[PDB]
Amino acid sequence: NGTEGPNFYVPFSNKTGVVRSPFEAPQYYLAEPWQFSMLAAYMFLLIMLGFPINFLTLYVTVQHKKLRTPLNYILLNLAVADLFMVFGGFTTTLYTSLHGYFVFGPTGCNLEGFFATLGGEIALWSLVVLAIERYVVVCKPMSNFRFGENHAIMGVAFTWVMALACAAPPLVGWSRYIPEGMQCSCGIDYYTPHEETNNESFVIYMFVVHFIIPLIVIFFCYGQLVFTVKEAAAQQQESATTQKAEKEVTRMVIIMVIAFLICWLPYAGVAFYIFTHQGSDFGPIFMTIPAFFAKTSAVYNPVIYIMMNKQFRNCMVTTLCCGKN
């Protein structure tokens, strides 16, 4: 059903002699041109919505001192992550999608895949680290401990280490970056069993270390937090404000957990199917179904984690309305 070569895999059979290198000729045989136009349109959407919302976060952080607290660093980190998702991934894929194929060759594939994977992993591990920080600060699990600047910096560096420990192996021999789906964007190889780079062990290490571990850490930390808040509000039913707080905190934890699942579950499940029923017939459009949900997390992660944060909100309505409110 496919068509392989030295540094790619076109999910389209060369029985008709039409398949060409995704680095060299347009792939209008695995998708009409208008579908490449819609690919470019969606990239345009993700840039027009994703760049303002994420850059503005860093901006208002520069304007408002009450935002430059350590328990906010990871949020800033998230914004930077999304910008790596925007300029390392979304814009490149816009340009290449407008040509019908990946014009920047194998090296450009390694770059666009390295920065797209990097940004996405920084975002994910920032979500995990944030959950850990809120568990520690709110649940008070260690005797005589308060959260300082050095702890926050440590957390950000941990996100960077977990990201590099997930984006660098394909550049040096563990798995590899190849054009995915409609061959216009580059990603981690999990649809060929390429033994020379040991794709199977890397895909297992992804699913276990960079999916199961974060999932468990988030669910644990936020379950513990909702327990703590529920329990305190139970011991304080005379305080209506504590009741409000219990409600809002529960609703937010549900929103964040469900958003995490919507974001990373399709990628894990579809990729795991392409690595459990591997080798079959996979429409490029079928291949771009989890990447949709994951890539849109550069837009709704700032909406959930920043725009729904009363501090950041306030400072943004202040900045955009250039003075008051």
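Heads up, when I say rigid core I mean the largest set of C-alphas that superpose within 1.5 Å between the two forms. The first residue of the shown sequence is 1; numbering continues from there.
*Asks:* Please pick 23 to 31 or 266 to 274, whichever has its Cα atoms farther from the shown form in 4 other deposited structures of this protein after a rigid core fit.
*Replies:* The more displaced stretch in 4 other deposited structures of this protein turns out to be 266 to 274.
*Asks:* Fit on the core, then compare CA atoms: does 68 to 76 or 148 to 156 lie farther from this form in 4 other deposited structures of this protein?
*Replies:* Between 68 to 76 and 148 to 156, greater C-alpha deviation in 4 other deposited structures of this protein belongs to 68 to 76.
*Asks:* Between 249 to 257 and 232 to 240, which has the higher average C-alpha B-factor in the PDB entry?
*Replies:* Of 232 to 240 and 249 to 257, the stretch with the higher C-alpha B-factor average is 232 to 240.
*Asks:* If you average the CA temperature factors as listed in the entry, which stretch comes out higher, 138 to 146 or 122 to 130?
*Replies:* Taking the mean B-factor of the alpha carbons in each, 138 to 146 is higher.
*Asks:* Looking at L45, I285, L39, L56, which has the highest CA B-factor as recorded?
*Replies:* If I rank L45, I285, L39, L56 by C-alpha B-factor, first place goes to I285.
*Asks:* Sort the modelled residues of this chain by their C-alpha B factor and say whether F115 lands in the lowest, middle or highest third.
*Replies:* As the PDB entry reports it, the C-alpha B-factor of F115 lands in the middle third of its chain.
*Asks:* Going by the entry, which third of its chain does the Cα temperature factor of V60 land in?
*Replies:* Tercile = lowest for this residue's CA B-factor.
*Asks:* Please place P193 in the lowest, middle or highest third of its chain according to the CA B-factor in the PDB entry.
*Replies:* Highest third - that is where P193 ends up once the chain's C-alpha B-factors are sorted.
*Asks:* Lowest, middle or highest third: which one holds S13 when the chain's residues are ordered by CA B-factor from the entry?
*Replies:* Tercile = middle for this residue's CA B-factor.
*Asks:* What third of its chain, lowest, middle or highest, does the C-alpha temperature factor of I213 fall into?
*Replies:* CA B-factor rank for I213: middle third.
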